[PDB]
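S.K.: Experimental structure below, sequence on top.
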Amino acid sequence: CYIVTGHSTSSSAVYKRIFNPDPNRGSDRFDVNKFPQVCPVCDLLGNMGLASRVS
RNA sequence: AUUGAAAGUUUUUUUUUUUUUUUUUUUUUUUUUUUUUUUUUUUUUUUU
């Protein structure tokens, strides 16, 4: 799950071609009792309010 | 209807004066407002 999306303010077609874009995919929500399950990457690295098993 | 009677025991006099329920007697002696809690996590100084 992508962590930060925001809005598209600049275009870099080289990035869009080298790496496959996926605008459909959303983002992880939180680590509170509401929606505690997260994407594996968010669980590994970190998320808002969930720390990083890694540094 | 008496031997036969008609007389207030009355007038007058303050139970009054002297004397602070008073002196001494600290509602104090002791008791730490402490005690467990990371201002922490998420974010590539960056493109036509």
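M.R.: Noted; the coordinates are in hand. Residues are numbered from 1 along each chain as shown, chains lettered A, B, ... in the order given.

S.K.: Please make it C-alpha for all contacts and neighbour counts, starting now.
M.R.: OK.

S.K.: residues of stretch A:48-55 that come out buried?
M.R.: Residues residue A:50 are the ones in stretch A:48-55 that count as buried (16 or more other C-alpha atoms under 10 Å).

S.K.: and chain A, which residues reach RNA strand B?
M.R.: Within chain A, the positions adjacent to RNA strand B are A:3-4, A:10-15, A:45-52 by C-alpha under 7 Å from any atom of the strand.

S.K.: Out of those residues, name the ones that lie in helices.
M.R.: If you go by DSSP state H, those have A:13, A:14, A:15 in helices.

S.K.: Pull the number of nearby residues for the second one.
M.R.: This points to residue A:14. Residues near residue A:14, counting by other C-alpha atoms under 10 Å, number 8.

S.K.: same thing with the first one?
M.R.: Neighbourhood size, residue A:13 [other C-alpha under 10 Å]: 9.

S.K.: so residue A:27 makes contact with residue A:41?
M.R.: No: assessed by C-alpha atoms under 8 Å, residue A:27 is found out of contact with residue A:41, at 11.2 Å.

S.K.: quick one: residue A:18 from residue A:12, how far?
M.R.: Here the distance between residue A:18 and residue A:12 works out to 10 Å (C-alpha to C-alpha, to the nearest Å).

S.K.: same deal with residue A:3?
M.R.: Relative to residue A:12, and taking C-alpha to C-alpha, residue A:3 is found at 19 Å.
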